[PDB]
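Inside the fold
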Protein chains: 12
Amino acid sequence: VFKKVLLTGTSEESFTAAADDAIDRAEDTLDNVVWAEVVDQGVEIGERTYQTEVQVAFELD
Amino acid sequence: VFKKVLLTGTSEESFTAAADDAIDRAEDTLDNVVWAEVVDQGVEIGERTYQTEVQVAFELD
Amino acid sequence: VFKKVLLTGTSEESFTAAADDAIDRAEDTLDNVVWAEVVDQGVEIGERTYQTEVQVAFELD
Amino acid sequence: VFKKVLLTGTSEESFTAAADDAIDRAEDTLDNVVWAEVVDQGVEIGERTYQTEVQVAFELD
Amino acid sequence: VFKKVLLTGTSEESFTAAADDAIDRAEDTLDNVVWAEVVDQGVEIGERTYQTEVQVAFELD
Amino acid sequence: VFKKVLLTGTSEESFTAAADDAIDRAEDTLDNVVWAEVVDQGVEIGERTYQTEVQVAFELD
Amino acid sequence: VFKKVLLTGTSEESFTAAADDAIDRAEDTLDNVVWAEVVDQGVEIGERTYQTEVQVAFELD
Amino acid sequence: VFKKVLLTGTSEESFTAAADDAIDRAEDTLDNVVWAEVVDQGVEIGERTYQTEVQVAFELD
Amino acid sequence: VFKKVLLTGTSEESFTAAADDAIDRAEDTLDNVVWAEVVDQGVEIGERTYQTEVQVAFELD
Amino acid sequence: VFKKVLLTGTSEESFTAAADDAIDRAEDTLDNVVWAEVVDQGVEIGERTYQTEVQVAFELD
Amino acid sequence: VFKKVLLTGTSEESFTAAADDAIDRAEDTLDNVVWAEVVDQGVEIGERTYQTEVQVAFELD
Amino acid sequence: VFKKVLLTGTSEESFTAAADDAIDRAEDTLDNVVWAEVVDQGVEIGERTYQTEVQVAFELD
Ligand SMILES: [Cl-]
Ligand SMILES: [Cl-]
Ligand SMILES: [Cl-]
Ligand SMILES: [Cl-]
Ligand SMILES: [Mg+2]
Ligand SMILES: [Mg+2]
Ligand SMILES: [Mg+2]
Ligand SMILES: [Mg+2]
Ligand SMILES: [Mg+2]
Ligand SMILES: [Mg+2]
Ligand SMILES: [Mg+2]
Ligand SMILES: [Mg+2]
Ligand SMILES: [Mg+2]
Ligand SMILES: [Mg+2]
Ligand SMILES: [Mg+2]
Ligand SMILES: [Mg+2]
Ligand SMILES: [Mg+2]
Ligand SMILES: [Mg+2]
Ligand SMILES: [Mg+2]
Ligand SMILES: [Mg+2]
Ligand SMILES: [Mg+2]
Ligand SMILES: [Mg+2]
Ligand SMILES: [Mg+2]
Ligand SMILES: [Mg+2]
Ligand SMILES: [Mg+2]
Ligand SMILES: [Mg+2]
Ligand SMILES: [Mg+2]
Ligand SMILES: [Mg+2]
Ligand code: NA
Ligand code: NA
Ligand code: NA
Ligand code: NA
């Protein structure tokens, strides 16, 4: 069984980093993270901060 | 990092309330709720109860 | 078996009412209406009239 | 020919109001506004402020 | 209030089983599971293992 | 001309059956059913009953 | 209240005709047809026959 | 940089014309129109007038 | 088994022709072409050339 | 690099089989098939034959 | 009220830059740019130039 | 006529590279590659490898 969590990473360098950012939180706090699928991307402006929302996937048990 | 939870609120008054309803649960039980995005809305009939499913967003740490 | 009909309700008060409006037609004319799912919403302007298109669901037999 | 503008209204009462809000800006500043179609809805929390993003439509010439 | 979790079941018999598989995990670990909605389906090949990703829904409190 | 009806079949065995179920109602009550397209699938839990919503297509005249 | 029916027109000349084709059936058999929205288009080959599936809309009462 | 405008053309001959119609307005009033992408199509009935909504694209500066 | 290829036809007359255009290439080079489904349509401007992208379907063996 | 092919399998038993059916063609004729993702499902009626369209994925080189 | 404009940035380095590119045009010419949401990304080839289409958002008044 | 192929590139540096990766395979093996459109992006974890699935487009003849 996999499970997914919907996290948004933010970096002031790139979207790819913005992804890494969240994947790193999922990993700080869950074991067996298997993949992640990008569901959205945006830029905070209002430094400019890029965001990448990921469904992080992770094997149950 | 943000995180999201997929909750469905229900009110017998309106969709807006049906949203409030869930946002209030997310808040009962999580700190730093930042926003929420409506992903669906329906009406239970089978009183008539309106539903609004929200992705509730909330800042990690 | 359920069946669905694609109806658009209109109210000059709100979207929630605009939904009620149609759900009330489905009920005038069908027995066992079980639920309804919002598929769209708009505003006539050209009073301002709000619309909510619903797939109204109803149990066959 | 119609044209559309992508505006987000916000009210601290409801989504329907959040729609009205923007439709009122489109009207402050354009003639012949014909309709509007809801493309999204959210709630600012981080008072609670409801949003409704509309494609506002308006007849050219 | 309902809540949902995004789980992927896998069976080497069918998609329907692949669904059951996850619904059984949601139930091992949560009370009041009300329904589930299929959001995706795939086949691992690289025995052939069918997958069905479900949003499992479950009543809060 | 084809026409379509939006029906949901339910079986306690599988999604495929859940489809058959509705296609059988469309056929009980319409002549020339040509095809059907799956638009959704879910599981009632709250026995476990699988659902498959179909747009059933059928030739007019 | 509007209602919609999901019809597919076919012409061996064009998609636009393929639309007209169905809108003409909706009109043969319903009063107050208000508009129609194209939901799909295809070509039968297996003369070449173009199809346009429409949600035909029509005012109730 | 490109920019886009969301225009709806209408012709009483065809969808293709309904597209041309708007692309001609974009051109009346903007320089460097590069392409356009069809986002929707409908028929006014309530002569029969075909519509094609386009995102018209045009190079900035 | 069917298979599909993702081709874009272009004509300076219409979208329907733009479809024919590609369906004719699929046929130049494959046997048993069964149908085709329109996935997109656009206009080159930057004569005006209409495009229709098709998934062309064709029976394997 | 992966590559994908868009195939439709058909079985007169189930959707899962209808998937297997195509995955078996992809394998008859390509090496390293890694996975497959269901993009659609339908039933031929006009025996009843279930279909499952798959994007079959397969590692290049 | 927010408003949005649909711009496509292009860079020969990355998608993130391709985003920055447009966000910089929106800013050259509008005050209060609040955020931006990625709606598409592509690569011109026919140097290789990456594109990122953004809905740039900006507070009215 | 254009044609498209559905390829997934992977890089351990970024999504943009993950795109380049596949566009480079399409070019190794086809003449006249005109553009490419991003349809998905993910990260293998289970080094971290970023993926970008592209529809690579290429002019026939
Ligand atoms: Cl989710
Ligand atoms: Cl429908
Ligand atoms: Cl837009
Ligand atoms: Cl494809
Ligand atoms: Mg920096
Ligand atoms: Mg997002
Ligand atoms: Mg009340
Ligand atoms: Mg819902
Ligand atoms: Mg009033
Ligand atoms: Mg509507
Ligand atoms: Mg108040
Ligand atoms: Mg929005
Ligand atoms: Mg077995
Ligand atoms: Mg999945
Ligand atoms: Mg049983
Ligand atoms: Mg359903
Ligand atoms: Mg002819
Ligand atoms: Mg169709
Ligand atoms: Mg005429
Ligand atoms: Mg439209
Ligand atoms: Mg000409
Ligand atoms: Mg296209
Ligand atoms: Mg049998
Ligand atoms: Mg299909
Ligand atoms: Mg460089
Ligand atoms: Mg784009
Ligand atoms: Mg590295
Ligand atoms: Mg992918
Ligand atoms: Na989730
Ligand atoms: Na319908
Ligand atoms: Na716009
Ligand atoms: Na393909």
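As documented in the archive entry, the model was determined using X-ray crystallography at 2.80 Å resolution.

The title given to this PDB entry is "Complexes of Dodecin with Flavin and Flavin-like Ligands".

The interface of chain K with chain A comprises 14 residues on the first partner and eleven residues on the second. Carbon and sulfur atoms make up 49% of the area that chain K and chain A hide from each other, which totals about 980 Å². Our enumeration of links across chain K and chain A arrives at three salt bridges. A salt bridge links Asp20(K) to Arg48(A); the nearest nitrogen and oxygen atoms lie 3.7 Å apart. At the junction of chain K and chain A, the tally comes to nine residue pairs in polar contact. Broken down by secondary-structure element, the contributors of at least two residues to the side of chain K that touches chain A are α1 (15–29) and β2 (33–44) of chain K. Its residues assigned to classes, the side of chain K that touches chain A shows eight nonpolar, two polar and four charged.

A few words now on the relation of the copies chain J and chain E. Note on the identical chains: chain J maps onto chain E by a rotation of 120° and an axial translation of 0.0 Å, with an RMSD of 0.0 Å. The superposition operator between the copies reduces to a three-fold rotation axis. When the interface residues of chain J are mapped onto chain E, a mere 14% of them again fall at the interface, so the copies present different faces.

Taking the UniProt record as the reference, the feature "binding site: riboflavin" (unreviewed entry) is found at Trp35(A), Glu44(A) and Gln51(A). Assignment of secondary structure puts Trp35(A) in strand β2 (residues 33–44). Leave out the neighbours within four places in its chain, and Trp35(A) touches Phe2(A), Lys4(A), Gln55(A), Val56(A), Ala57(A), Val43(L) and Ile45(L). Its location among the elements puts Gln51(A) in strand β3 (residues 49–59). Aside from chain neighbours lying at most four places away, what touches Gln51(A) is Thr8(A), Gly9(A), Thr10(A), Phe15(A), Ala18(A), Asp40(A), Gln41(A), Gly42(A), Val43(A), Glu44(A) and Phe2(B).

A word on the relation of the copies chain K and chain A. Both copies of the chain are tied together by a single rotation about an axis and a shift running along it. The transformation that overlays chain K on chain A combines an axial shift of 0.0 Å with a rotation of 120°, and the residual RMSD is 0.0 Å. Interface overlap between copies: only 14% of the residues of chain K at the interface are likewise at the interface in chain A, consistent with a contact formed by different surfaces.

This part takes up the coordination of the magnesium ion (ligand 24). Protein coordination of the magnesium ion (ligand 24) is provided by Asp40(J) (OD) and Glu53(J) (OE), with donor distances spanning 2.4 Å. According to the relative accessible area criterion, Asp40(J) is partly exposed, its value standing at 41%.

Another aspect to go through is the interface of chain J and chain E. Each side of the interface is counted separately: chain J has 14 residues, and chain E has eleven residues. With both sides pooled, the region where chain J packs onto chain E buries about 980 Å², and carbon together with sulfur makes up 49% of that total. Scanning the region where chain J abuts chain E turns up three salt bridges. The residue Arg48(E) makes a salt bridge to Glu27(J) at a minimum N-O spacing of 3.3 Å. Linking chain J to chain E there are nine residue pairs in polar contact. Those elements that provide at least two residues to the side of chain J that touches chain E are α1 (15–29) and β2 (33–44) of chain J. Across three bridges, the pairing between strand β2 (residues 33–44) of chain E and β2(J) is antiparallel. In the strand pairing of β2(J), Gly42(E) is matched with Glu37(J).

Another point: the arrangement of the chains. Between chain F and chain I there is no contact; the minimum C-alpha to C-alpha separation amounts to 14 Å. For the non-touching pair chain G and chain J, the nearest C-alpha separation works out to 14 Å.

Time to look at the UniProt feature "binding site: Mg(2+) 1" (unreviewed entry) in chain A. According to UniProt, the "binding site: Mg(2+) 1" (unreviewed entry) feature falls on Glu13(A). Its location among the elements puts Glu13(A) in the loop between β1 (2–11) and α1 (15–29). Ignoring anything within four residues of it in the chain, the contact list for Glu13(A) reads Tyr50(A) and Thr16(K).

Once that is clear, we can look at the pairing of β1(A). In terms of burial, β1(A) is largely enclosed, as eight of its ten residues are buried. Bridge analysis of β1(A) against strand β1 (residues 2–11) of chain E gives two bridges, and the strand direction is antiparallel. Each residue of the ladder has a partner; that of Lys3(A), found in β1(E), is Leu7(E). In this structure, β1(A) lies alongside β3(A), joined through ten bridges in antiparallel fashion. In the sheet register, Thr8(A) faces β3(A), and the bridge partner there is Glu53(A).

Rules and cut-offs
- Residues numbered from 1 in each chain as written, not as in the entry; some residues may be left out.
- Chains lettered and ligands numbered in written order.
- Heavy atoms only, no water.
- Contact = heavy atoms within 4.5 Å.
- Buried area = accessible area lost by both parts, 1.4 Å probe.
- Salt bridge = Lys/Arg side-chain N within 4 Å of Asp/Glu carboxyl O.
- Polar contact = N/O pair within 3.5 Å; in protein donor to acceptor, adjacent residues only side chain to side chain.
- Helix = DSSP H or I, 4+ residues; strand = E, 2+ residues; numbered from the N terminus.
- Nonpolar A, V, L, I, M, F, W, Y, C, P; charged D, E, K, R; others polar.
- Least-squares fit on C-alpha atoms.
- UniProt positions renumbered as here; feature names shortened; annotations may be inferred.
- Donors = N, O, S within 2.8 Å, 3.2 Å for Na, K, Ca; no water.
- Buried < 20%, exposed > 50% of the residue type's maximum accessible area, 1.4 Å probe, protein only.
- Pairing = 2+ DSSP bridges.

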